[PDB]
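Notes follow the structure.
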Amino acid sequence: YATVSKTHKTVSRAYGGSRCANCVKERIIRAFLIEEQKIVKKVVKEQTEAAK
Amino acid sequence: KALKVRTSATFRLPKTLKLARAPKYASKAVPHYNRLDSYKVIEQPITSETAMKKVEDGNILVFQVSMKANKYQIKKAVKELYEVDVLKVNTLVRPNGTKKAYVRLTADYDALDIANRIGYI
Amino acid sequence: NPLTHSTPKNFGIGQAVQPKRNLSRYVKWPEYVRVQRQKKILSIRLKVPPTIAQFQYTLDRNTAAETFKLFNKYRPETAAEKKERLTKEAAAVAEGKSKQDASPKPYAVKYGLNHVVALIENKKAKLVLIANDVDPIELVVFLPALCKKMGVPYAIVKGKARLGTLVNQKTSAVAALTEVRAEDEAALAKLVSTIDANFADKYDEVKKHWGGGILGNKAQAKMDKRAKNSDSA
Amino acid sequence: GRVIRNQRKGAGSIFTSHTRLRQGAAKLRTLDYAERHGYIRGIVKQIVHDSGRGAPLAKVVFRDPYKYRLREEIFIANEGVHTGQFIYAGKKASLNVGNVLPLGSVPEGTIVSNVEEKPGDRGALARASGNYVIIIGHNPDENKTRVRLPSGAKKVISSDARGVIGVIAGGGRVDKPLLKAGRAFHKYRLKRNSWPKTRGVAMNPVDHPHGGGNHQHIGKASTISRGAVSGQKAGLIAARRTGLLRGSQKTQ
Amino acid sequence: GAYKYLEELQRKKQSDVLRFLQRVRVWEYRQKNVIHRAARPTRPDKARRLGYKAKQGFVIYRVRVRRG
RNA sequence: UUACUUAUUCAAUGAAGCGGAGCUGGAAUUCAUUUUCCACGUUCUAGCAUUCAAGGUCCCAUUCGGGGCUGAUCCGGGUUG
RNA sequence: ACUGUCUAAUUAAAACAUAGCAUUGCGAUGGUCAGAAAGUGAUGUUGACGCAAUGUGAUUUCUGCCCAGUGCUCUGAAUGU
């Protein structure tokens, strides 16, 4: 793998020759929805400290 | 005052100054001469009936060389003593424990011309 | 402001790998550091006898300043000073028919333990400064008591190194004054009165005080809060 | 006589443990600040067979609190855990199967396993397959916890010692007969060397205290005292009763 | 001189001052190596009467032997 | 008989958060007023967490950069039992 | 019971082993064992569904009475040695 060019050991994507386009796909789903839920989890506690 | 800030829990040895050697007298006071110079590298040509066939046909000089010499020192010794550029050198240790080198010369030099320049036919 | 955004980190446990803090409290020292620290610690936790405890009853900084100011006036002759005086007296005895006495009588501090102890036994020293730092303390534990026996006033002062500086040694561990110029007899008398008031008058009641037995601050905290939660309700 | 076999067991030449294929020492996380002040969350990445052992092991990866790296610990898989589960290790963690908690923070009757003896020795008790201890009570002053060990022996231990909730997987293993000398061979092939242990009564008087005679018999009492000597301890050491146990052994 | 006072004082090994020193020093010597270099004699007169003189090339080594 | 930790013994850790006090939070009841106790950033999810840390503030001589405090409470240097 | 093993060079067996059964020690400051010692080791990268010590020898059906003797063992006893 040191004699061949870069395009034999990669695909053109994030996580190219490491992950497999379906584990990359669920990685983007999971990163988006939890960090969006963390935006919900911030302000849903900002009503409990505003109403206690 | 105050004490210094340590961001690690490990103590390692300080990088102290280590001085170079400045002796009051020489190590052995006379440098040795060249242990494996060009007359000691190649000792003697090999003139057996099949070694003589390599001189005529193979463009190869069969030399007996020193047991300490490597292929760089034999490529440099043949070039020094005979002023001949060398293609490749193949060496073996003979079953009487001495070394034999198959020095191949380039195509510019005729090994049979150098063979009777050295003085063996 | 413009495109630079204040994003604070969350260094609570579970998130956001902790920043580099001062772990000098938790650094695994070399073995000589730990031995030299817990040696002091062990000499504090143990109940010390009163004839060792009298050291760390050291002289106060103002009186120490005055004492080293007086003792700087009688610093002994240095090596180049001895060379210049040896030339200026050897020529004098050889030609000027002197009896090796065209050099005046020196006034200097006396030092070295055998010299100073022999001067105290002869009742010849007028003041004795005693170091508190000496690592075999058996060299100097008899120096208070002997000074109380002989009527020589003595002061335990911080620094064998500071005693060594006044005498051009490295350390000297004791220093004495036996003869003093008459321009300094009053200052020597006031310093001796302060030193008697601090050391020699206090000796026969200091001689009974066992020192040490001082707990560490975790055990100190534990003991005080045990006293404050049990009794004080 | 000569040196008998269980005295050769301790010199450790061929009687050491056959430890090539082991995955590692099964251990809890060390008591750092997160484990005793709040919690921390790891992921179980793999449930894996460890040779020489009946229980499966679980690689659980954690985030290093002080350095940007990952730390993989090798727990014993409690029954029910699955790869991909989030495991919560710490004082203020929740009472779920898989979460390792200190014993002071669990109610009485909690079924934990891999429970420490001293707080910080990373897992000592209830550690073979199927086993578990029962937290039976707390003494909150001088803070201690009475638990019941798998042998039925009760034990008071520290309330800061940790343990993972649940019982250890692979249980009910020994209910299947081996049926073969081959299965006992391959069983002890990855543990040590004591499979074919010839009865001491069939040996010679050099080889054992039981050997010899024109019949195969022990000759003297097979119950040997505790204050006996290495070389004599062949039989039932310090046996306080013998014969078939009829009645409730089953200590209260 | 001081060496007579030290010579007599190192004979009272049951007195309080010497047993406190023996406890502190027997901890400290136990903390170091079995054979380790001593920078100076702890008994300077006992060393001195056994032949020691404080000049270069006279060396003190402390050493620890198992009893019994 | 039961207490101490400093001898001794055991254990863990690239000796990382120990001990004491504070800060706001609230349970909490005030016979004067705050006399005490618990907290004191993480739990749908097989993602992610690193460049003295961004920001707030003060210097340097503004060129690109560099430093101090804070962010991240103080105190004791007993690594923790 | 089987498959298996052993007396190389007079005995291959009904002997040994075996699974199965049972008993015992032991919760780590531990059981069993090693070393002349040790800041030393085996079991142990272990933890009672485990390690160690023995007896019996698949399955079916059972395993009776005796603790006086000799052992082992006990939260015991006491005014004997």
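Observations, loosely collected:
- Tally, over the range D:194-213, of residues that are surrounded by 15 or more Cβ atoms within 10 Å (Cβ to Cβ) and more than 7 Å from RNA strand G (Cβ to nearest atom): 5
- Exactly one residue out of D:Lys67, D:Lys45 is surrounded by fewer than 18 Cβ atoms within 10 Å (Cβ to Cβ), more than 14 Å from RNA strand G (Cβ to nearest atom) and within 14 Å of chain C (Cβ to nearest Cβ): that is D:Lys67.
- Hits in the range C:3-40 - residues which are away from RNA strand G (no atom under 16 Å from the Cβ) and either closer than 23 Å to C:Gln220 by Cβ or touching a residue at least 60 places away in the same chain (Cβ under 8 Å) (or both): C:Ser24, C:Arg25, C:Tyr26, C:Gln36, C:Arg37, C:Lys39, C:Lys40
- Scanning the range D:198-252 for residues that are in contact (Cβ under 8 Å) with a residue 24 or more places away in the chain and either in contact with a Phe, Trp or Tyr (Cβ under 6 Å, 6 or more places away or on another chain) or not in a loop (DSSP other than H, G, I, E, B) (or both) gives a single hit, D:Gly200.
- Matching entry among D:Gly227, D:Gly231, D:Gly171, D:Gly182 (being closer than 30 Å to D:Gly98 by Cβ, under 28 Å from the mean Cα position of the chain (by Cα), more than 16 Å from RNA strand F (Cβ to nearest atom) and more than 14 Å from chain C (Cβ to nearest Cβ)): D:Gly171
- As for the range D:83-92, it holds no residue that is under 18 Å from D:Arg36 (Cβ atoms) and within 14 Å of RNA strand G (Cβ to nearest atom).
- Candidates in the range D:70-82 are the residues that are outside any loop (DSSP other than H, G, I, E, B) and of a type in the set (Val, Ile, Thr); of these, the one that is farthest from the other protein chains (Cβ to nearest Cβ) is D:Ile76.
- Residue in the range C:74-85 that is within 30 Å of C:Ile137 (Cα to Cα), surrounded by 14 or more Cβ atoms within 10 Å (Cβ to Cβ) and in contact with a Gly (Cβ under 6 Å, 6 or more places away or on another chain) present: no
- In the range D:15-42, the residues that are hydrophobic (A, V, I, L, M, F, W, C), within 11 Å of chain C (Cβ to nearest Cβ) and not in a strand (DSSP E or B): D:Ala34
- Residue within the range A:5-23 that is part of a helix (DSSP H, G or I) and under 14 Å from the mean Cα position of the chain (by Cα) present: yes
- Enumeration of residues in the range C:4-27 that are surrounded by 12 or more Cβ atoms within 10 Å (Cβ to Cβ) and in contact with a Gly (Cβ under 9 Å, 6 or more places away or on another chain): C:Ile13, C:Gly14
- Conditions (1) surrounded by 11 or more Cβ atoms within 10 Å (Cβ to Cβ); (2) within 14 Å of another protein chain (Cβ to nearest Cβ); (3) assigned to a loop (DSSP other than H, G, I, E, B): number failed by E:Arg23: (3)
- Unmet criterion (only one of (1) under 24 Å from D:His186 (Cα atoms); (2) within 16 Å of RNA strand F (Cβ to nearest atom)) for D:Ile76: (2)
- Residue that is surrounded by the fewest Cβ atoms within 10 Å (Cβ to Cβ), among those in the range B:1-57 that are away from chain C (no Cβ under 14 Å) and part of a strand (DSSP E or B): B:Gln44
- Filtered by the rule that a residue be of a type outside the set (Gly, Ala, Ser), more than 13 Å from chain B (Cβ to nearest Cβ) and near RNA strand F (Cβ under 6 Å from one of its atoms), the range C:5-37 gives C:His5, C:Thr7, C:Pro8, C:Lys9, C:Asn10, C:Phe11, C:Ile13, C:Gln15, C:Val17.
- Exactly one residue out of C:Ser43, C:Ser98 is farther than 30 Å from C:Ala189 by Cα and either part of a loop (DSSP other than H, G, I, E, B) or within 16 Å of RNA strand G (Cβ to nearest atom) (or both), and it is C:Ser98.
- Hey, A:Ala2 away from RNA strand F (no atom under 13 Å from the Cβ) and at positive phi or not: no
Laboratory data are not the source of any read-out in this text; all were calculated from the coordinates shown. We place every Cβ from the backbone using ideal geometry, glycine too, and count neighbours over all the protein chains shown.
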